[PDB]
Every structure is written in structure tokens, then in C-alpha cells.
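Trainee: Take a look at query14.cif, mmCIF, C-alpha atoms:
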```cif
data_data
loop_
_atom_site.label_atom_id
_atom_site.label_comp_id
_atom_site.auth_asym_id
_atom_site.auth_seq_id
_atom_site.Cartn_x
_atom_site.Cartn_y
_atom_site.Cartn_z
CA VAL A 886 115.34 -1.97 22.46
CA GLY A 887 112.67 -2.73 19.89
CA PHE A 888 110.16 -0.54 21.68
CA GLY A 889 109.45 3.13 21.60
CA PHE A 890 107.37 4.64 24.38
CA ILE A 891 105.25 7.74 24.86
CA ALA A 892 105.92 10.21 27.68
CA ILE A 893 103.50 12.62 29.34
CA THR A 894 104.98 14.73 32.13
CA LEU A 895 103.46 16.12 35.31
CA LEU A 896 104.31 18.14 38.40
CA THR A 897 103.23 18.62 42.01
CA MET A 898 103.80 21.45 44.45
CA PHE A 899 104.42 21.04 48.18
CA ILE A 900 103.57 24.15 50.17
CA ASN A 901 103.01 24.94 53.85
CA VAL A 902 100.07 27.18 54.48
CA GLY A 903 99.51 26.26 58.08
CA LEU A 904 102.86 26.83 59.77
CA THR A 905 102.16 30.54 59.39
CA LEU A 906 98.68 30.26 60.86
CA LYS A 907 98.54 30.22 64.63
CA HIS A 908 96.80 31.90 67.48
CA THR A 909 98.82 34.93 68.47
CA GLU A 910 97.45 35.59 71.95
CA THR A 911 94.19 35.63 73.84
CA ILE A 912 93.05 38.35 76.19
CA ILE A 913 90.04 39.09 78.38
CA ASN A 914 88.56 41.91 80.45
CA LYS A 915 86.98 42.81 83.78
CA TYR A 916 83.87 44.98 83.75
CA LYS A 917 81.26 46.37 86.11
CA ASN A 918 77.91 46.35 84.34
CA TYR A 919 75.38 48.98 85.29
CA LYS A 920 72.05 47.16 85.25
CA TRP A 921 70.45 49.42 87.77
CA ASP A 922 68.81 46.96 90.12
CA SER A 923 71.27 47.60 92.91
CA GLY A 924 71.97 49.42 96.08
CA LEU A 925 75.37 50.99 96.79
CA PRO A 926 76.23 49.72 99.97
CA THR A 927 79.80 48.42 100.06
CA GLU A 928 82.28 51.29 100.26
CA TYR A 929 81.59 54.58 98.43
CA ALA A 930 82.99 57.26 96.28
CA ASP A 931 86.33 55.99 94.98
CA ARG A 932 86.46 56.82 91.26
CA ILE A 933 85.22 60.34 90.78
CA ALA A 934 85.10 62.10 87.43
CA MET B 1 63.43 73.57 77.08
CA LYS B 2 62.40 69.91 77.06
CA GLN B 3 65.91 69.34 78.47
CA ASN B 4 66.74 66.06 76.88
CA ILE B 5 69.72 64.38 78.47
CA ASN B 6 72.64 63.19 76.41
CA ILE B 7 73.56 59.53 76.77
CA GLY B 8 76.90 57.98 77.62
CA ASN B 9 78.12 54.93 75.73
CA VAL B 10 78.45 51.34 76.79
CA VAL B 11 81.76 51.89 78.59
CA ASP B 12 83.00 54.06 81.38
CA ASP B 13 83.70 57.32 79.60
CA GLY B 14 83.92 60.98 80.51
CA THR B 15 81.68 62.13 77.66
CA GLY B 16 78.04 63.10 78.11
CA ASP B 17 76.00 64.09 81.14
CA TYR B 18 77.22 62.13 84.10
CA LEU B 19 74.27 60.70 85.96
CA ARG B 20 74.25 63.53 88.49
CA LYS B 21 73.93 65.87 85.52
CA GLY B 22 70.96 63.74 84.50
CA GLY B 23 69.93 63.87 88.11
CA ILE B 24 67.66 66.92 88.19
CA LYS B 25 68.03 67.07 84.41
CA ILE B 26 65.49 64.36 83.87
CA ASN B 27 63.91 65.25 87.19
CA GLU B 28 63.39 68.65 85.62
CA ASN B 29 62.32 67.10 82.33
CA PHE B 30 59.44 65.77 84.38
CA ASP B 31 58.29 68.93 86.05
CA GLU B 32 58.39 71.03 82.87
CA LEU B 33 56.17 68.74 80.86
CA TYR B 34 54.62 67.75 84.15
CA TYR B 35 53.89 71.21 85.59
CA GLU B 36 52.44 72.31 82.26
CA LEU B 37 50.19 69.28 82.74
CA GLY B 38 50.20 68.42 86.43
CA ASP B 39 50.39 71.84 88.06
CA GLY B 40 51.44 70.32 91.36
CA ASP B 41 51.77 66.85 92.71
CA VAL B 42 48.89 65.49 90.58
CA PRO B 43 48.64 65.21 86.78
CA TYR B 44 45.47 66.20 84.98
CA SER B 45 43.90 64.23 82.15
CA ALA B 46 41.70 67.27 81.56
CA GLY B 47 44.87 69.41 81.51
CA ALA B 48 45.86 72.30 83.78
CA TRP B 49 45.17 76.05 83.74
CA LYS B 50 47.23 78.90 85.17
CA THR B 51 45.75 82.02 86.72
#
```
Show how you would write the structure in this file as C-alpha cells.

Mentor:
Amino acid sequence: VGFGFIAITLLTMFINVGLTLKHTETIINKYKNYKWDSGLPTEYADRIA
Amino acid sequence: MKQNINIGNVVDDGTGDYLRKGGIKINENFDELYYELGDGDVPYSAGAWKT
């Protein structure tokens, strides 16, 4: 008693961004690069258009 | 008649001249421009003439 007081109000917000973020899945690939600079020799043929 | 070859893309694909198509296609592309110049197994800086 005997005192007033003055009141300012505030607010905060608590939010998860990251839980949604993840890495889904990772994949890779196997390739045969045609550079020239080769002989055939092993095997033959095989895949034929 | 220059017989440009089409070019396949970056990945195994069925589109375009397959190399054996290019085989003799480019080998032609030589002789045409070549024969008009070379007339036989030698090229001519002075050019070639046809009887």
C-alpha cells in the first residue's frame, strides 16, 4: 500500500523450426564414363541397342 | 551433304546416331570434303581438279 506502480507488458514466442528440417535420404550412382582412351578387351557385346 | 552427325547426351540414351552410325558417317564426312580437296589418299593445298 502507499505505492502505485507502472506496468509495461511483453511477450515471447517459442517455436520449433528445426524438428521439421532433416535429411530425407541420400543416394548415389554407378556410371561408365566414355573418355575414349581405351581398348575393349574384357568381354564384348553385352548391351546392344 | 556435309553429313554432320547428331550427338548423344551425357548419359546412355537411345537417341541420336549411335557410334556405328557415326562410324562411316564421319568417315564419310572426311572423304566428301576430303575428296573434293584430296582426290585420293593425299590432300592438296593447291586444291584438286577432276577430269

Trainee: Please provide as a PyMOL selection string all residues within 12 Å of segment 32-38 of chain B, with the sequence filter that same-chain residues fewer than 6 positions apart are discarded (counting all atoms listed in the file).

Mentor: chain B and resi 1-4+24-26+44-50

Trainee: Once you count all atoms listed in the file, what closest atom pair and distance in Å to one decimal does each residue of chain B within 9 Å of chain A have, with rows by chain and rising residue number, as a Markdown table?

Mentor:
```
| residue | atom | partner | partner_atom | distance |
| --- | --- | --- | --- | --- |
| B:11 | CA | A:918 | CA | 8.9 |
| B:14 | CA | A:934 | CA | 7.1 |
| B:18 | CA | A:934 | CA | 8.6 |
```

Trainee: What's the separation between atom CA of residue 912 of chain A and atom CA of residue 932 of chain A, in Å to one decimal place?

Mentor: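 Result for atom CA of residue 912 of chain A versus atom CA of residue 932 of chain A: 24.7 Å, one decimal.
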
Trainee: In Å, with one decimal, what is the gap from atom CA of residue 8 of chain B to atom CA of residue 22 of chain B?

Mentor: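 Between atom CA of residue 8 of chain B and atom CA of residue 22 of chain B the gap works out to 10.8 Å.
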
Trainee: One decimal, in Å: what's the spacing between atom CA of residue 6 of chain B and atom CA of residue 30 of chain B?

Mentor: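 Between these atoms lies a distance of 15.6 Å.
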